[PDB]
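Both backbone and side-chain heavy atoms feed into the values below; hydrogens, waters and symmetry mates do not. FYI, the numbering just counts along the sequence from 1.
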Amino acid sequence: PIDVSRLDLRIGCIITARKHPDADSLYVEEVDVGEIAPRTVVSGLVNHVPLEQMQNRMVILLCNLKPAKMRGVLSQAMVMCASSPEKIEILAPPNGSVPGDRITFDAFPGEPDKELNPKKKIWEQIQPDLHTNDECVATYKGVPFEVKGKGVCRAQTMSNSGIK
């Protein structure tokens, strides 16, 4: 059964971020996801978000993709953003969210896969249905990204836009 419940979406905090020394379009980040050690993440947002806005930034991360090396750096998660050709916006968790908080969906209960099998293209089948609301709230087929007891996740200005 393929729906968003397969995904392991968690709240995290960017501890530190720096530009990739051999790639101007990528950032290398150390992210606190509530685990014992931080996770290293490689994100292509240099041309959209100033470095100063990355430090101690609360984000939403896809955590069960198979780790892959990006220009020589092992990326262990993906930062979720609302995106269009003109601009990109990092999705924001509700106030009070802390690293490790999990995102759940009202209509899609279930446990996420231990690790998404790249050969099955599961992320690829779910991603197309992820999009923000008319109210800029992040959703999967219209069902809001929820942090139980805290609120919903949202973009700042991008409504009705895909999420990647």
**OP:** Quick one: closest heavy-atom pair of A107 and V143, and the distance?
**Re:** N-CG1, 4.0 Å
**OP:** For the pair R154 (side chain) and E135 (backbone), establish whether a donor and an acceptor sit closer than 3.5 Å, ignoring hydrogens and angles.
**Re:** yes
**OP:** Mind listing the closest non-hydrogen atom pair of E146 and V152 along with its distance?
**Re:** CG-CG1, 4.4 Å
Original post:
Does one hydrophobic cluster hold both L61 and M78, with members joined at side-chain heavy-atom distances below 4.5 Å?
Top reply: no
Original post:
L45 and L51: same hydrophobic cluster, using ILVMFWY side-chain contacts below 4.5 Å?
Top reply: yes
Original post:
When you look at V147 and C153, which way does the side chain to side chain contact (heavy atoms under 4.5 Å, CB included) test go after all the steps?
Top reply: CA-CA 8 Å; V147 173; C153 300; 4.3 Å; yes
**OP:** For residues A155 and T132, report the shortest heavy-atom separation together with the two atoms involved.
**Re:** CB-CG2, 4.1 Å
Original post:
Are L116 and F105 linked, directly or through other ILVMFWY residues, by side chains that come within less than 4.5 angstrom of each other?
Top reply: yes
**OP:** Say whether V59 and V4 are linked into one hydrophobic cluster, either directly or through other cluster members, by side-chain heavy-atom distances under 4.5 angstrom.
**Re:** no
Original post:
Taking atom CD1 of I14 and atom CE of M54, what is their separation to the nearest 0.5 Å?
Top reply: 3.5 Å
Original post:
Does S5 offer a backbone N or O that forms a donor-acceptor pair with the side chain of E111 under 3.5 Å?
Top reply: no
**OP:** Report yes or no: do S83 and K164 form a side-chain donor-acceptor pair below 3.5 Å?
**Re:** yes
Subject >> With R39 via salt bridge (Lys or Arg N to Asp or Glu O under 4.0 Å) - residues at least two apart >> reply: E35
Original post:
Are any of the side-chain nitrogens in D101 or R10 under 4.0 Å away from the carboxylate oxygens of its partner?
Top reply: no
Original post:
Do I90 and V49 have side chains that get closer than 4.5 Å, going by heavy atoms?
Top reply: yes
Original post:
Any donor-acceptor pair under 3.5 Å linking the side chain of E29 with the backbone of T16?
Top reply: no
Original post:
How far does NZ of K141 sit from CD1 of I126, to the nearest 0.5 angstrom?
Top reply: 9.5 Å
**OP:** Over all heavy atoms of both residues, which pair between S25 and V46 is shortest? Give the atoms and the distance, please.
**Re:** C-CG2, 3.6 Å
Subject >> From CG (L130) to CG (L7), nearest 0.5 Å >> reply: 7.0 Å
Subject >> Spacing of CZ belonging to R6 relative to CG belonging to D113, to within rounding of 0.5 Å >> reply: 4.0 Å
Original post:
Going through the distances and angles, do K150 and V98 end up as a side chain to side chain contact (heavy atoms under 4.5 Å, CB included)?
Top reply: CA-CA 10 Å; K150 298 189 183 182; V98 297; 4.0 Å; yes
Subject >> Approximate separation, where rounding is to 0.5 Å, of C63 SG and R102 CZ >> reply: 7.5 Å
Original post:
Is it true that atom CD of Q156 has more than 12 heavy atoms of other residues, nucleotides or ligands lying nearer than 6.0 Å?
Top reply: yes
Original post:
Got a donor-acceptor contact below 3.5 angstrom from the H131 side chain to the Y140 backbone?
Top reply: no
**OP:** Give me the one residue out of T40, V41, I15, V79 that meets side-chain contact (heavy atoms from CB on, under 4.5 Å) with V31.
**Re:** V41
**OP:** Check the pair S43, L26 against side chain to side chain contact (heavy atoms under 4.5 Å, CB included), reporting the backbone distance first and the verdict last.
**Re:** CA-CA 6 Å; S43 310; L26 307 168; over 6 Å; no
Original post:
Hey, is CG on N47 packed in by over 12 heavy atoms from elsewhere, all under 6.0 Å?
Top reply: yes
Original post:
Has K148 got more than 12 heavy atoms of other residues, nucleotides or ligands less than 6.0 Å from its NZ?
Top reply: yes
Subject >> Close side-chain approach of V33 and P99, heavy atoms under 4.5 Å >> reply: no
Original post:
To the nearest 0.5 Å, how far apart are CD in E89 and NE2 in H48?
Top reply: 12.0 Å
**OP:** Measure from the side-chain N and O atoms of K69 to the backbone N and O of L74, and report whether any donor-acceptor pair falls under 3.5 Å.
**Re:** no
Subject >> Closest heavy-atom pair and its distance - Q76, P38 >> reply: NE2-O, 4.3 Å
Original post:
Thinking salt bridges, do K114 and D8 make one under a 4.0 Å N-O criterion?
Top reply: no
**OP:** Flag the pair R71 and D22 as a salt bridge only when some basic side-chain nitrogen lies within less than 4.0 angstrom of an acidic carboxylate oxygen.
**Re:** no
Original post:
Does the pair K19 and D24 meet the rule for a side chain to side chain contact (heavy atoms under 4.5 Å, CB included), with working shown?
Top reply: CA-CA 7 Å; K19 297 190 60 182; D24 286 305; 3.0 Å; yes
**OP:** For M158 and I88, work out which heavy atoms get closest and say how close.
**Re:** CE-C, 3.2 Å
Subject >> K66, NZ: over 12 other non-hydrogen atoms inside 6.0 angstrom >> reply: no
Original post:
Is there a donor-acceptor pair under 3.5 Å between the side chain of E115 and the backbone N or O of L65?
Top reply: no
**OP:** Following the transitive rule for hydrophobic clusters with a side-chain heavy-atom cut-off under 4.5 Å over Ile, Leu, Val, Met, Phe, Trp and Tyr, establish whether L62 and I122 coincide in one cluster.
**Re:** yes
